[PDB]
Amino acid sequence: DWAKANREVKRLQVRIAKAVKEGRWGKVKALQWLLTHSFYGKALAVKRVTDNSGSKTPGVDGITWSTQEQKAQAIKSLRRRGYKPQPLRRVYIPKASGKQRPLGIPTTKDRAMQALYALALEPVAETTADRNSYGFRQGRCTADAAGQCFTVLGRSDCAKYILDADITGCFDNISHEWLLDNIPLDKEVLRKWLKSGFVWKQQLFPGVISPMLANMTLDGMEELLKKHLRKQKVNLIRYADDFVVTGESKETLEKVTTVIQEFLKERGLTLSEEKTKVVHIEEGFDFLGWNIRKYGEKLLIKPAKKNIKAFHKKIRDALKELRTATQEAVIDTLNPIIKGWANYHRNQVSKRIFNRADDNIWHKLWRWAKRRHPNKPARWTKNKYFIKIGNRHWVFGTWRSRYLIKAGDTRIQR
DNA sequence: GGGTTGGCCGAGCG
Ligand SMILES: [Mg+2]
Ligand SMILES: [Mg+2]
Ligand SMILES: [Mg+2]
């Protein structure tokens with residue numbers, strides 16, 4: 001039925017957005033009550049559950065057998081009324097970057113209701129989000145946060161004083177009172193969630209419904225910092241919980257800290273005292289892995305050297321891991337890592353930083369090709385592993401021709 | 001503030 005079930009859902013989303021663009025919150029709550037009680041909404045709910053690797057909960061259920069789809073949506077045809085939330089399965093996922101990050105595992109019926117009210121919340125949250133909120137929206141990458149940082153902080157387009165701040169509180173530490181105050185919902189179901197734990201209390205508020213909440217909480221900031229009526233002094237650029245606010249002093253940025261601490265005070269949120277520091281460009285703040293400075297009246301969004309270190313930690317871990325593997329496995333595992341840290345910044349000033357990265361992975365590969373043969377000469381390992389393909393010699397890759405793809409060769413789009 | 005290439009000294013024993 002999926003030839004249609006995206007379409008009518010999305011048309012109803014469009015109508016909910018048209019309702020929010022005039023006043024008509026009656027129309028909003030009506031069409032949310034309707035899209036919550038559509039067949040197509042429930043079918044989209046069970047697809048967006050089932051295609052996210054469903055596993056064991058306390059209220060255990062299945063994905064497959066292809067009637068549990070149709071009978072599950074036929075069950076929650078009734079289930080808005082006696083819809084009870086059950087708790088989550090507090091179970092880790094054991095990551096390898098240094099922790100075991102928790103992920104509270106909720107019931108698949110609860111996840112179907114999270115997908116239903118998620119696609120009810122979305123068109124209201126598109127039109128009620130800030131014009132410069134770049135976190136987790138539709139059609140917005142982290143790179144357009146840097147593009148907004150460019151047109152905001154270009155030639156004289158600010159005046160050189162920037163707070164870099166960040167939010168305290170681990171989980172949805174928002175006061176549940178305030179969540180029931182103003183989020184466009186049917187507040188029985190929202191009340192039922194927020195009593196029932198609903199997200200295992202090690203969240204970071206950046207379980208797909210929780211970012212919609214964390215966006216809707218943090219969208220008064222732009223119109224509240226429109227209180228400062230200066231030319232380009234205060235601009236807010238925000239990725240989901242990282243924002244930097246411009247200025248031209250350290251005291252008018254103390255006005256902005258007072259405003260923002262009043263704004264977060266209405267919730268359970270605060271700017272800290274430790275992280276939140278005003279800093280004069282050109283000295284520089286690190287924004288989403290990108291360092292912003294001026295370097296004497298340029299901008300130079302460089303990828304910061306706490307992004308470079310995490311990248312070389314990824315490659316160092318791969319080549320300590322494939323320490324005695326095949327060469328073609330080392331090609332096949334290093335190649336997506338380098339291509340991923342390539343296309344994530346193929347837009348800004350990264351070319352020289354790409355060459356220093358390719359130097360650095362070359363010496364990692366030379367200790368690769370030289371550790372592996374313990375008593376053979378260096379011309380032997382060189383012509384064994386590194387094979388000339390163009391003008392250049394020292395291309396890591398043998399045979400056609402399969403070889404590592406250089407991060408230096410990624411052709412930056414201005 | 002985008003492009004392109006370099007790096008490799010040999011030998012014996014285990
Ligand atoms: Mg250099
Ligand atoms: Mg021996
Ligand atoms: Mg022996």
# chains A, B, ... in the order shown; residues from 1 in each chain; ligands from 1

$ residues_near_ligand --ligand "ligand 1" --cutoff "9 Å" --atoms "only C-alpha atoms (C1' of nucleotides) and all ligand atoms" --output "PyMOL selection string"
chain A and resi 352-353+355-356

$ write_last_selection --atoms "N, CA and C atoms" --output "mmCIF file, in the first residue's frame"
data_model
loop_
_atom_site.group_PDB
_atom_site.id
_atom_site.type_symbol
_atom_site.label_atom_id
_atom_site.label_comp_id
_atom_site.auth_asym_id
_atom_site.auth_seq_id
_atom_site.Cartn_x
_atom_site.Cartn_y
_atom_site.Cartn_z
ATOM 1 N N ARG A 352 44.693 22.041 2.906
ATOM 2 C CA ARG A 352 45.989 21.888 3.539
ATOM 3 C C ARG A 352 45.897 20.934 4.711
ATOM 4 N N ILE A 353 44.741 20.908 5.357
ATOM 5 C CA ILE A 353 44.509 19.986 6.452
ATOM 6 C C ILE A 353 44.300 18.584 5.921
ATOM 7 N N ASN A 355 46.037 17.535 3.246
ATOM 8 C CA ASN A 355 47.389 17.066 2.966
ATOM 9 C C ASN A 355 48.121 16.661 4.218
ATOM 10 N N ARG A 356 47.917 17.371 5.309
ATOM 11 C CA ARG A 356 48.559 16.905 6.522
ATOM 12 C C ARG A 356 47.929 15.602 7.000
#

$ interface_residues --of "chain A" --to "chain B" --cutoff "7 Å" --atoms "only C-alpha atoms (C1' of nucleotides)" --output "ChimeraX atom specification"
/A:349,378-379,382,392

$ closest_residue --among "A:301, A:210, A:129, A:159" --to "residue A:222" --atoms "only C-alpha atoms"
A:129

$ select_by_dssp --residues "stretch 280-384 of chain A" --states "alpha helix (DSSP H)" --output "number ranges by chain"
A: 308-321, 327-343, 351-371, 378-384

$ select_by_dssp --residues "stretch 40-185 of chain A" --states "strand (DSSP E or B)" --output "count of residues only"
17
